[PDB]
Amino acid sequence: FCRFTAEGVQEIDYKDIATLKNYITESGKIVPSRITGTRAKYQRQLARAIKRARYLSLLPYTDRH
Amino acid sequence: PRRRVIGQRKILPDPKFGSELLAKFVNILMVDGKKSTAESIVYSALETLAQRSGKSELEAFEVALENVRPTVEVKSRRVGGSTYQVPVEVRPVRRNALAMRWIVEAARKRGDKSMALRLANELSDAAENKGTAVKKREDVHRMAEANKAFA
Amino acid sequence: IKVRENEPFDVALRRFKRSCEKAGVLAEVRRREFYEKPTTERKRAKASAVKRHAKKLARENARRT
Amino acid sequence: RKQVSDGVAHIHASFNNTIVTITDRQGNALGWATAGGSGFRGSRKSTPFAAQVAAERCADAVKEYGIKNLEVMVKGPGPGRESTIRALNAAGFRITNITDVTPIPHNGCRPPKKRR
RNA sequence: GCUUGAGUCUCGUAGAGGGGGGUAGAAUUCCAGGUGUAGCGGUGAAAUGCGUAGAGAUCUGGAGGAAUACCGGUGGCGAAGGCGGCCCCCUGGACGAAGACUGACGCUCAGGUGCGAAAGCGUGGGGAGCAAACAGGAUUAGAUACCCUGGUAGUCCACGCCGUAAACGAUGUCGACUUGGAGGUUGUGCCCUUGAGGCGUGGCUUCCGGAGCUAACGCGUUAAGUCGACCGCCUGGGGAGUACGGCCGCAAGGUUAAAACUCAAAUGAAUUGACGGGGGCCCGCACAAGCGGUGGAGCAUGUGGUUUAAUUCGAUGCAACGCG
RNA sequence: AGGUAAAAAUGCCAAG
């Protein structure tokens, strides 16, 4: 329920891969904004940035290859 | 059933030598309420074994009892899609229940010439883990291993 | 999905599977298209969300608890 | 015979079917058996207890290869998913891990419409 | 003429808005071979089939079409139909902040015009999966259906056409006015941003409820409340949105649209009782758990079925069959 | 607080 960006104003980059991995479960699956309870507008910045990482294989689409 | 959990009674200590556990052997051997005949046979058995083995009387029900000691068995959880067996934790009353029951399955079969004949032998047979009684628990065990390491 | 808890698990301990997408989700995209039963279903699904929501706050009378 | 000392039990435990595939880490088949091979006509081969025993008839044919350890991969929800591993945790095998390699798609292989 | 209507500019705004071009990964289908091999696959039970000519399974490599799990949320955008993997090029609308300017430049609208799910049609490609047609196999008293297995166009891309759907919040378009609450979503102003906030304001927006309204259900500042403007439209059901004629279309048909004839109703709302091859919870040796009989056999005895010139007849899921 | 699960063989019809 981290009050992340409602008080953490900036653009969510994919470069901060350390921060980025905190939103994907161990099984690759990206976790919904419901559990983390943060704002969808902010969470919107997440999913697109995810595929940017997914496209670069910086992270996995799904680990079992 | 669907209502009040019933209990027990005041089980009488044996009017020969006060004891309750063996009193259920009467119950777990009784057929058609023939007590005196049971008093005839049930008695005949123990004293001769006490005489034959050489130890005390009320340590004869025990000498056999060591290797017939059960702990668990199966009580399957067939929810409606999985009739897979689930072993049960056989609680004291539940434990001694099947216990005096194993003296039944053993003695009732292979009738040599008389009840006390087999019963006395089965006792000391049960005392050395080489007879019918002792394995009666063992057989139960091997149909429980079927499933292991559950949660 | 990938459980090998170093050495001492020695039992199922496969919550990693059941917690994310164990075959129940396979048994969610089983066999049927519809396009729409879920279109309708999401609406009715969420329907329960607000009414059950009420059940927790609309239970506030005496009722002799 | 080449006598490999490690292997993998793939298991195709589908809704109404269960086949066990113990191969090595190179895909060459070591030993395979199923609940289907146990006969278990039609409906009856769908029971978890069925697959367990079939695994007992499947834990062999690898001992002849010097098999030591193994990892389990099962697919298909149906019955099982654990039935065999229970019969595999004690099949006489130092098991390393168990994984679910299930094919999660991403919306587009059109699935059948049956069962009305 | 002025400006409280309406219209544009300066600065920001989120979004599956729309057209087009490249590209990622999972998955399935198929090819090639390795290992290995009696099954695979199916279900109500199967059988059809695929199989020792060596599949299934599994693995490496390769050939393809097609849609985008998770995110994802009565979340968002769009006139509606509708639209989401990623990436880029062209490009629409809607909202906010303070002023600038124009100076009623409005609203609605016959006919006209543009868009407009699927299925379908024409022309040329493509053709994984799915799958009308279809056949084989099941089921059935029948089963040209539901189920299994293959399987065709289509589904998919491009260029035209068809213009209809439960195209439905079943509610037209535009403006004003009349209690609040819960929020959600998306910009912004003030204060101690002392903290995920406190105090207002713009829009879209989901549910709840005031007066009122309504036949009721329910709607309720998102009105079906209180008025105004304008327009489409209705007059019992059926016949029939059908025929004939006109227009539009390659066709399918679409569109505008009757009458004769027939009935005394058709229709909505609601709740009692009933029913449910509908459920939520509780209850009885209903079962569990156990005790010990019946089902084997002999015989008693009843019943049925048989047989007999005649072998009286009633009772025959539960609630008849050592019953009258 | 709270969220999956679950069986689906077949059986038609009415003069007071």
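Residues numbered from 1 in each chain as written, not as in the entry; some residues may be left out. Chains lettered and ligands numbered in written order. Part of a larger assembly, values for the part shown. Heavy atoms only, no water.

This part covers the protein's contact with RNA strand F. Taken together, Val 79 of chain B, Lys 56 and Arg 59 of chain C together with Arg 115 of chain D make up all the residues around RNA strand F. When the atoms of RNA strand F within 4 Å of the protein are sorted by group, sugar and phosphate make up 70%. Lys 56 of chain C is positioned with one of its side-chain polar atoms (N or O) 2.7 Å from a sugar or linking oxygen of RNA strand F. Classifying every residue of the surface near RNA strand F gives one nonpolar, no polar and three charged. (Near = heavy atom within 4 Å. Polar contact = N/O pair within 3.5 Å; in protein donor to acceptor, adjacent residues only side chain to side chain. Nonpolar A, V, L, I, M, F, W, Y, C, P; charged D, E, K, R; others polar.)

So, about the sheet that holds strand β1 (residues 6-14) of chain D. Ordered by their spatial adjacency, six strands build an open sheet running β1(C)-β5(D)-β4(D)-β1(D)-β2(D)-β3(D), and the pairing between neighbours is mixed. For this open sheet the edge positions go to β1 (2-3) of chain C together with β3 (29-34) of chain D, each flanked by a neighbour on one side alone. Here five bridges tie strand β2 (residues 17-23) of chain D to β3 of chain D, and the two strands are oriented antiparallel to one another. Along β3 of chain D, the bridge assignment pairs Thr 23 of chain D with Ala 29 of chain D. (Pairing = 2+ DSSP bridges. Helix = DSSP H or I, 4+ residues; strand = E, 2+ residues; numbered from the N terminus.)

Contacts between the two partners involve 19 residues from chain C and, on the opposite side, 21 residues from chain D. Overall, the association of chain C and chain D removes approximately 1800 Å² of surface from exposure, summing both partners, and the carbon and sulfur fraction of that is 55%. Considering only the side of chain C, the residues that lose the most area to chain D are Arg 14, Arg 31 and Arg 32 of chain C, jointly responsible for 29% of the buried surface there. Our enumeration of links across chain C and chain D arrives at one salt bridge. (Contact = heavy atoms within 4.5 Å. Buried area = accessible area lost by both parts, 1.4 Å probe. Salt bridge = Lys/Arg side-chain N within 4 Å of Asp/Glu carboxyl O.)

Next up on the list: the arrangement of the chains. There are four pairs of chains in contact here; the most contacts are made by chains C and D. Nothing in chain A touches chain B, and the closest approach of their C-alpha atoms is 23 Å. With no contact between them, chain A and chain D keep their nearest C-alpha atoms 7 Å apart.

A few words now on the layout of surface pockets. Its boundaries defined by the atoms lining it, the largest pocket holds a volume of some 1400 Å³. Lining the largest pocket are 47 residues, with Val 25, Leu 26 and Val 29 of chain C together with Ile 104 and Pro 105 of chain D sitting closest to its centre. Broken down by element, the residue count for the lining of the largest pocket peaks at three residues, all from helix α2 (residues 37-57) of chain C. Across the lining of the largest pocket, the residue classes break down as 20 nonpolar, 11 polar and 16 charged. (1 Å grid on protein atoms, 1.4 Å probe; cavity = no way out; pocket = protein on both sides within 12 Å on 5 of 7 lines; lining within 4 Å. Points joined across faces, edges and corners; volume = space filled by probe spheres on them.)

Quick look at the side chain of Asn 96 of chain B now. Its location among the elements puts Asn 96 of chain B in helix α4 (residues 92-108). Residues in contact with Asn 96 of chain B, not counting those within four places in the same chain, are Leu 21 and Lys 24 of chain B.

Residue and element names in this part refer to chain C. There is a patch of like positive charges on the surface, built from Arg 42, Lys 43, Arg 44, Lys 46, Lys 51, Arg 52, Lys 55 and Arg 63. Inspection of the secondary structure assignment puts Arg 44 in helix α2. Residue class for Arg 44 comes out exposed when judged on its relative accessible area of 60%. (Patch = residues over 30% accessible without salt bridge, like charges linked within 9 Å, V, L, I, M, F, W, Y side chains within 5 Å. Areas by Shrake-Rupley, 256 points an atom, 1.4 Å probe, with all protein chains shown as cover. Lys, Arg positive; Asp, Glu negative; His and termini not counted. Charge placed at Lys NZ, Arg CZ, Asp CG, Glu CD. Buried < 20%, exposed > 50% of the residue type's maximum accessible area, 1.4 Å probe, protein only.)

Attention now goes to a nonpolar patch on the surface. Residue and element names in this part refer to chain A. A cluster of nonpolar side chains, contributed by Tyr 14, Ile 17, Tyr 55, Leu 56 and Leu 58, occupies part of the molecular surface with about 530 Å² of accessible area. Residue placement: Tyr 55 occurs in helix α3 (residues 40-55). On the accessibility criterion, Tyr 55 (71% relative accessible area) is exposed.

Attention now goes to the pattern of salt bridges. When their charged atoms lie close together, side chains carrying opposite charge are able to pair. Enumeration according to the criterion identifies 13 salt bridges over all chains in this entry. Residue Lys 16 of chain B pairs with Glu 47 of chain B through a salt bridge whose shortest N-O separation is 3.9 Å. Placement of the pair is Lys 16 of chain B in the segment before α1 (21-29) and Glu 47 of chain B in helix α2 (residues 35-53), with a sequence separation of 31 residues. You can call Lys 16 of chain B partly exposed: its relative accessible area is 42%. Exposure remark for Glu 47 of chain B: the relative accessible area of 25% places this residue in the partly exposed category. For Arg 137 of chain B, the salt bridge is made with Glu 138 of chain B, and the minimal N-O distance between the two is 2.6 Å. With relative accessibility at 23%, the residue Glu 138 of chain B sits in the partly exposed group. Taken together, the shared-partner salt bridges connect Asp 6, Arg 25 and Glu 71 of chain D into one network.

Centre-to-centre distance and the angle between the planes together describe a pair of aromatic rings. A complete count under the given rule lists two aromatic pairs over all chains for this structure. Aromatic pair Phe 4 of chain A and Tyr 23 of chain A: ring centres 6.1 Å apart, planes at 80°, arrangement edge-to-face. Highlighted residues: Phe 4 of chain A in the segment before α1 (17-20) and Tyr 23 of chain A in the loop between α1 and α2 (33-36), separated in sequence by 19 residues. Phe 4 of chain A sits in the partly exposed class, given a relative accessible area of 36%. Centre to centre, the rings of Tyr 84 of chain B and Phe 150 of chain B are 5.9 Å apart; their planes meet at 70°, and the pair counts as edge-to-face. One end of the pair, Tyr 84 of chain B, is in the loop between β1 (72-74) and β2 (87-89); the other, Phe 150 of chain B, is in the segment after α6 (132-142), and 66 residues separate them in sequence. For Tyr 84 of chain B, a relative accessible area of 25% corresponds to the partly exposed category. Under the relative-accessibility criterion, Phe 150 of chain B is labelled partly exposed at 38%. (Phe/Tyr/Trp six-rings, centres within 6.5 Å; stacked < 30°, edge-to-face > 60°.)

Here we take up α3 of chain A. Residues and elements named next belong to chain A. In this model, α3 (16 residues) spans 22 Å end to end at C-alpha, consistent with the 22 Å of a helix rising 1.5 Å per residue. What α3 keeps buried is the set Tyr 42, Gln 43, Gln 45, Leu 46, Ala 47, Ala 49, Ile 50, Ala 53 and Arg 54. Just beyond α3, the residue with positive phi is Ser 57, at close to 60°. (Expected span 1.5 Å × (residues − 1).)

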